[PDB]
Every structure is written in C-alpha cells, then in structure tokens.
Amino acid sequence: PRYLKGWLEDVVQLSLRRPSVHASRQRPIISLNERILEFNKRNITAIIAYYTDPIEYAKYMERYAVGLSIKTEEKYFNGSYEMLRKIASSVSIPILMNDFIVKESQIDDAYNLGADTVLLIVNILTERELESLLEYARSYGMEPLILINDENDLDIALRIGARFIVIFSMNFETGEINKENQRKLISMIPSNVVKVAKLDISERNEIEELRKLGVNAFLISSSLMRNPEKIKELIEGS
Amino acid sequence: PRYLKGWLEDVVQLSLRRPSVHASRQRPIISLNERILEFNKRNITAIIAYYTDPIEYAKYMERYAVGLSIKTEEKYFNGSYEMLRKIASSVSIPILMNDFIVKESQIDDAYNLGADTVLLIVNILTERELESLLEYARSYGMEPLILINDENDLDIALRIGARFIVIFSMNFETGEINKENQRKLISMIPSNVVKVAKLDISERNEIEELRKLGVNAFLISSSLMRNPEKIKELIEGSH
Ligand SMILES: CCCCCCCCCCCC[N+](C)(C)CCCC(=O)O
Ligand SMILES: CCCCCCCCCCCC[N+](C)(C)CCCC(=O)O
Ligand SMILES: CCCCCCCCCCCC[N+](C)(C)CCCC(=O)O
Numbered sequence: 002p003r004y005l006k007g008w009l010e011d012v013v014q015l016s017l018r019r020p021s022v023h024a025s026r027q028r029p030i031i032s033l034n035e036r037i038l039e040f041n042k043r044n045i046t047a048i049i050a051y052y053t054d055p056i057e058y059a060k061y062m063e064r065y066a067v068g069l070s071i072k073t074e075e076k077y078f079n080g081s082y083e084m085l086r087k088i089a090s091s092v093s094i095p096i097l098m099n100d101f102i103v104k105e106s107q108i109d110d111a112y113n114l115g116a117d118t119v120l121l122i123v124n125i126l127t128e129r130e131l132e133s134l135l136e137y138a139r140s141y142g143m144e145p146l147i148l149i150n151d152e153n154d155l156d157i158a159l160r161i162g163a164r165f166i167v168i169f170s171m172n173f174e175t176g177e178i179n180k181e182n183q184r185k186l187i188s189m190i191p192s193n194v195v196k197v198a199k200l201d202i203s204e205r206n207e208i209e210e211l212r213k214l215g216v217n218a219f220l221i222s223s224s225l226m227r228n229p230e231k232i233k234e235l236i237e238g239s
Numbered sequence: 100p101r102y103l104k105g106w107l108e109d110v111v112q113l114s115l116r117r118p119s120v121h122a123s124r125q126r127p128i129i130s131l132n133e134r135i136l137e138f139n140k141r142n143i144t145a146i147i148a149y150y151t152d153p154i155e156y157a158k159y160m161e162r163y164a165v166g167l168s169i170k171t172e173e174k175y176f177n178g179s180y181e182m183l184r185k186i187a188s189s190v191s192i193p194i195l196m197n198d199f200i201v202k203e204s205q206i207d208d209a210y211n212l213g214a215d216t217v218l219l220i221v222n223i224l225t226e227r228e229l230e231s232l233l234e235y236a237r238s239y240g241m242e243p244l245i246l247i248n249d250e251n252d253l254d255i256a257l258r259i260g261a262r263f264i265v266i267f268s269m270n271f272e273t274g275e276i277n278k279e280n281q282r283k284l285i286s287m288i289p290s291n292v293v294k295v296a297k298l299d300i301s302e303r304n305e306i307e308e309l310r311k312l313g314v315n316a317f318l319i320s321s322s323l324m325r326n327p328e329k330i331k332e333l334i335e336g337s338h
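Respectively, the protein sequence lines represent chains A and B.
So in this note's numbering, spot 42 of the first sequence is number 43, and the numbers just go up one at a time.
So in this note's numbering, spot 98 of the second sequence is number 197, and the numbers just go up one at a time.
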C-alpha cells in the first residue's frame, strides 16, 4: 500500500496481517450495484444502511435498504468477521464488506463470509494495487465500491476502469465531509458509473438535490442512533 | 487559437478576420438546450436539423425539429450571415449558428443575426479562449454547444464547466466518424450534461440505443436528400 502517517498507517500495517478465515458461503452473490440500478428504474430511493445486536438491525433494514454496509475492521471500528458471516447468512439483500482492504486474502474472506462486494480505498493503495484488487474482486463476481476522496483519487479510479464509486471528500483525521468538494467530484464522474454519495443522517434532506446531480444511491451513517425503526422513520419522513 | 495545419488552419485564420455585422435581433433567445430537455420530459425525440431553398426547408422542419443548425462559414461550407438572419427571422424554434468561432465579435454576430446559441469547438481554441468565449456567449443568454472530438477535448470542456456538449469523434480531413469512439466519449460524460450526438440519416436506427446510453438530442445530417418531406418521413418511420 501507500506509506501513510498516524492511525491510517497503523490500520494499514494491521490489515496487512489480517489472518484469512476458513468459511464457505450460504447463497450466491447478489449484485449491489445492479440492485441500485433497478431501484433507480423503479424510482425507489436507494440507501445503503451503514451499520456501526447487529442481526436485529440487519433484519429490520432488509425490507427497506438497497444494501447493508458491515464494518469488519477490528481495532478502530469494533468489527469482526463472525459478525459479517452471521449477518450475511440471515439476510438476502447485498452486503458490502467495509474494511481497509490491502491484500487479496481479504477479498477471499469477504467472499467466503457471504459478502456481495467490498470497499476499496484509492487513497491507501498504489494504482497498480487498486487495479489488481479491483480485478481480483471481479474474479469472484464482485464489483467493489471504490472510495474517492479528491480529484487525484478520481483520476486513478477512472483510469483503472472503476464502475462503482462512493464519494466521500472527508478528512480522515476529523471525519467531516467538505460538501462543496463532494459535489464537485460527483459532477466529474461518468454517467455509466454507479455513483454513491456518503451522508450522515442529519444531512438526509440533501438526498433530492443529490439525485438530480446524478447520484444513484446513498451510503447513510446514522450517527449515535440505535433504533432501526427510528432511523428508518427519520429517513422516510424526509 | 491553437496552432493547426491544413484547411483547418486556413478556416481559423479566415475566421479571425471575419467582418462583424450590425443587425438588430428581432425576437428574444429561445434556449435550445432547455427545449431539448422539454422534449426529453415529453418523450419526443429531439433532433437538430443540420441543414446542408433553405427558408422552405426551415419552415417545414420548424414543426418537427427541436432546433435548426445553420452554417455560416463561407469558404468551405457555403454558409452566410445573411442566410442565418432570414431563417432566424422566420421560424420560432431555437437556431444554432455553426461556424468556427475564435473571437467574441462572432458571438456578437450570432446574437445580432438572431441565432439562439453558437457552436464552440474545443480543438481549435486554447483553454483560456474557450473558457472566455463560453462566458461571453452566456453574457447574451446563449449556452453554447461545445464540440468534443476526443478524450482530451472532453477533459477540457468538463473542467471549464461545459453544460451542453456535442460528440463528434470525426476525422477532420475526411469527415468520417469513428462510431465506437463516439460511444466511448458519450459514456465518459457526466449525467447532468445535455448530450448531443452527430448522426447521418443512414444511422437513424441507432437513435433508441443512443437514448439508452444517455444522449438527449441528435444533430442529424440528411446527406444528399433534397425533399424535406422524404427526410422527415424517413426519420418518422425509423422510430
Ligand atoms: C470502512 C469505511 C471507510 C470509512 C473510514 C474513513 C476513515 C476516517 C474516519 C476517522 C477516523 C478517526 N479515528 C477514529 C481513527 C480517530 C483518529 C484521529 C486522528 O487522526 O488523530
Ligand atoms: C434530419 C432532419 C430531422 C427533422 C426532424 C424530423 C422528426 C420526425 C418526427 C415525425 C413526427 C412524428 N410524430 C408526430 C408521431 C412524433 C414522433 C414521436 C416520437 O418522437 O417518437
Ligand atoms: C461548419 C461548422 C463546424 C462543424 C464542424 C466541421 C467538421 C467538418 C469536417 C469535414 C471537413 C471536410 N472538408 C471538406 C471541409 C475538408 C476538405 C477541405 C479541402 O481540402 O478542400
């Protein structure tokens, strides 16, 4: 990967050592990106539920969300592989594995655990690595969601042929999104790319303008909320 | 302008020396790109008639075309400023003045002759010139149609904030379009740009699939045909 600083370098160092799992999947892959496209056709707002017990939430969100985002990074985000595997086997909507993917065995894990795609982060990989890991996931039938954070990220993402892009424009220190830069990046992205905008639930009212801007789906974090129904009702009312 | 070679250099040097005109516009701007979006909303195929007796042709296509393109380049395309004024004073659908625009006075000419927008061509202009002519056209209420011919063109147009793009991908000596590169370029354009594809009338069967790729309108040349009813009926049939 890249040679970074601080906690990002630590989580990169740790992820490079992530032991792979013995596991086998319960169902075939459900394409997250194509389901988003089918939600667009049917004029249903496509929201990836960004989860931070987890089985209860996944059960509730299954009837409403276009897909589920499950954190598996262990040191800084309290995730686990077993959590993912349990969620993936008892739900039948696409599961996105959310982690710091730096080697091919992590894509094996995601696949063997029941995930339907994985997150790739341009800003921690070389261009060579990103194309190699993008093609490795596709070998399993997984179009990964590629996280872009700035213009250079997007240049690389389009050069290697990414079809599934999530736009952050976030400071990896604080965690705040520059909405202005996010809008910019979204507007530079080809229309044959499935575009996902990262939001917090407090900015839920930006959804409609972002749709008109070309956004196909939304990766929505619910901050400190714990009640799936209340999360869902707050999304619904906007 | 950029440095160029062949006939393209010649027409660009001729255009730098194009005398301006002093006419008075006889009706307000009718926005071509918005009318295109109106047609999209109504599921009416939007086609810009690429005219190539012209007043009879214009009066006839006014009922069906989303807009008209009139050539005003004089030496190679047999166009004239006076033909543009007479057509524009006679139909009520948007008019596109198609020329080699390298200076602001030509945009003045378009406005004063009654055109509703202008063509700008990425590959004959520097980036600064193109951004400058873009805003000057916008000073009159003309969102120009920006012509892109390759990926470097498209990169420059999206950076300056082109909202209205026509995709050619044409060998500028022969006039032949690389069809699969035209489709590549179409798909590289963000979804919120109004997209126009150049077509020959013999390619009218590609319209539906081009709509599916995200194309909003079609700049259709009718080749050698001389009967405007036959031209319309040939397109009417293929839908
Ligand atoms: C798998 C999902 C991708 C999103 C992860 C983005 C990372 C940015 C979030 C901020 C993380 C901040 N923490 C918790 C590590 C604190 C570190 C603060 C610091 O830089 O000093
Ligand atoms: C090359 C010159 C192009 C002139 C534009 C001719 C368009 C022909 C359309 C004929 C109108 C037929 N209508 C009345 C049924 C409308 C068609 C509806 C549709 O767009 O499918
Ligand atoms: C006229 C408004 C601009 C539209 C874009 C022009 C593209 C046309 C390209 C085809 C060029 C064909 N020609 C005949 C002009 C070249 C031959 C000139 C010559 O050597 O006689």
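Each residue gets a CB set at the ideal place from its N, CA and C atoms; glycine is no exception.
Beta-carbon gap between residue i and residue j smaller than 8 angstroms
{"i": "B:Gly166", "j": "B:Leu195", "result": "yes"}
{"i": "B:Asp252", "j": "B:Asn222", "result": "yes"}
{"i": "B:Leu219", "j": "B:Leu246", "result": "yes"}
{"i": "B:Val201", "j": "B:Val265", "result": "no"}
{"i": "A:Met189", "j": "B:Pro153", "result": "no"}
{"i": "A:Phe165", "j": "A:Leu146", "result": "yes"}
{"i": "A:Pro2", "j": "A:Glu130", "result": "yes"}
{"i": "A:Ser106", "j": "A:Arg28", "result": "no"}
{"i": "residue 248 of chain A", "j": "A:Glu128", "result": "Here chain A comprises residues numbered 2 to 239, so residue 248 of chain A is not present and cannot be evaluated."}
{"i": "A:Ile208", "j": "A:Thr46", "result": "yes"}
Residue burial classification, residue i (beta-carbon count within 10 angstroms, cutoff 16)
{"i": "A:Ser223", "result": "buried"}
{"i": "B:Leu298", "result": "buried"}
{"i": "A:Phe78", "result": "exposed"}
{"i": "A:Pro20", "result": "exposed"}
{"i": "B:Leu232", "result": "buried"}
{"i": "A:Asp110", "result": "buried"}
{"i": "A:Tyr4", "result": "exposed"}
{"i": "A:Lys196", "result": "buried"}
{"i": "B:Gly240", "result": "exposed"}
{"i": "A:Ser16", "result": "buried"}
{"i": "B:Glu275", "result": "exposed"}
{"i": "B:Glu335", "result": "exposed"}
{"i": "A:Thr73", "result": "buried"}
{"i": "B:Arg303", "result": "buried"}
Rounded separation between residue i and residue j - CA only
{"i": "B:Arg184", "j": "A:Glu132", "result": "55 angstroms"}
{"i": "B:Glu155", "j": "B:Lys331", "result": "14 angstroms"}
{"i": "A:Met226", "j": "B:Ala316", "result": "46 angstroms"}
{"i": "A:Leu220", "j": "A:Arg26", "result": "25 angstroms"}
{"i": "A:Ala116", "j": "A:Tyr65", "result": "18 angstroms"}
{"i": "A:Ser32", "j": "A:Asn41", "result": "14 angstroms"}
{"i": "B:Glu133", "j": "A:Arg18", "result": "56 angstroms"}
{"i": "B:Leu312", "j": "A:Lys76", "result": "44 angstroms"}
{"i": "A:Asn150", "j": "B:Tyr149", "result": "42 angstroms"}
{"i": "B:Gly105", "j": "B:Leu224", "result": "16 angstroms"}
{"i": "B:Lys329", "j": "B:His338", "result": "15 angstroms"}
{"i": "A:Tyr112", "j": "B:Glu250", "result": "36 angstroms"}
{"i": "B:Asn291", "j": "A:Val22", "result": "44 angstroms"}
{"i": "B:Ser189", "j": "B:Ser179", "result": "16 angstroms"}
{"i": "A:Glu210", "j": "A:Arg184", "result": "10 angstroms"}
{"i": "B:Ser301", "j": "B:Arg310", "result": "17 angstroms"}
{"i": "A:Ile49", "j": "B:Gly260", "result": "30 angstroms"}
{"i": "A:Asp11", "j": "A:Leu159", "result": "28 angstroms"}
{"i": "B:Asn142", "j": "A:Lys180", "result": "34 angstroms"}
Whole-angstrom C-beta distance between residue j and residue i, which should lie under 8 angstroms
{"i": "B:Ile169", "j": "B:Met160", "result": "Their Cβ separation, rounded to whole angstroms, is 12 angstroms, which puts B:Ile169 and B:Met160 out of contact at 8 angstroms."}
{"i": "A:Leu38", "j": "A:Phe173", "result": "No, A:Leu38 and A:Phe173 are not in contact; Cβ-Cβ is about 30 angstroms, not under 8 angstroms."}
{"i": "A:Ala59", "j": "A:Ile30", "result": "Not quite, the Cβ-Cβ distance comes to about 17 angstroms (not below 8 angstroms), so this is no contact."}
{"i": "A:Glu144", "j": "A:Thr118", "result": "6 angstroms"}
Got a list of residues with beta-carbon closer than 6 angstroms to any non-hydrogen atom of ligand 2, in chain order?
B:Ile143, B:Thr144, B:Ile146, B:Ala148, B:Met160, B:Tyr163, B:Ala164, B:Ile300, B:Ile319, B:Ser321, B:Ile330, B:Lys331, B:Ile334, B:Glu335, B:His338
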